[PDB]
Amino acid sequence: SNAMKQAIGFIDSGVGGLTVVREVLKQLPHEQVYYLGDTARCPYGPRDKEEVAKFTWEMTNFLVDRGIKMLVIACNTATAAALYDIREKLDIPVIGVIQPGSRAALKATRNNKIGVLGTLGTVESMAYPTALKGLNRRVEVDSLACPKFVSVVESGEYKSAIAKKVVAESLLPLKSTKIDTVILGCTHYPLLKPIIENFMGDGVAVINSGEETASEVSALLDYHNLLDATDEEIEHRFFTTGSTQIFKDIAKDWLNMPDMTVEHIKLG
């Protein structure tokens, strides 16, 4: 039976949340994942906060109805828009990805000059400089909106020549700075990390916040006595509001999970 195992829920606009899933699979191999990507409504990047929060709640309600024991808002715009409201209203633990990436960045920097890549809405929220300066008021933080990146990732062309061109064109400004650490402030961006790293070179630490987010999941599950303790067969479930085949093609590449269950759903 699967009745004892309760899933950790993850919500995101598309495939980006899988960068957190990957580190959860590694750090918490006994935990079941329920994932929902709102592919039909991706991009969230250029949407208004009120709308993002509304959509984020739709995703949350879908997974809460399926019995999850914890929720990860594996999406930067969604975190900025709705984390506190959702944390406050739910009874289960709820985290986002902005604070973990902030902590990781501060740990990686040598000169306290941090760059942030994200969407239009993430950049406009100022969530990263606010979080970063909240931990260390002396850090310098400069952010760059990369509206093309999610399109390249969602179209599955994140290893292609086009990806290489879009990265080089979007990131050239960073080379005018002394920034030594760059936060991937959209959860889609680690799919491009090899290209970003090759472009920026060995002097810049490129931060995928998935590892730090997954450690926070582990820490909170242990703290609240919520770690799974059963031998029941793990049955992960992926849900998308778009096409299942394209989701599977990307997810199977990123996670190495050949026998994945991916279903289409309708929200809103």
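One-based numbering along the sequence shown.
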- [ ] Quick one: say whether 20 to 28 or 255 to 263 has the higher mean Cα B-factor in the deposited entry.
- [x] 255 to 263
TODO: Using only the Cα atoms and their B-factors as the entry lists them, report which of 110 to 118 and 73 to 81 averages higher.
DONE: 110 to 118
Task: Highest-ranked of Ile92, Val97, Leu132, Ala145 once sorted by CA temperature factor in the record - done: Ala145
Task: Among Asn61, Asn208, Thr39, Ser215 - the residue whose C-alpha B-factor is largest in the record - done: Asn208
Task: Third assignment of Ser243 from its chain's C-alpha B-factors - done: middle
Task: Third assignment of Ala219 from its chain's C-alpha B-factors - done: lowest
TODO: Give the position of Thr230 by CA B-factor within its chain, expressed as the lowest, middle or highest third.
DONE: middle
Task: Modelled-residue ranking by C-alpha temperature factor, third containing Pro194 - done: middle
Task: For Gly101, the third of its chain into which the C-alpha B factor falls - done: middle
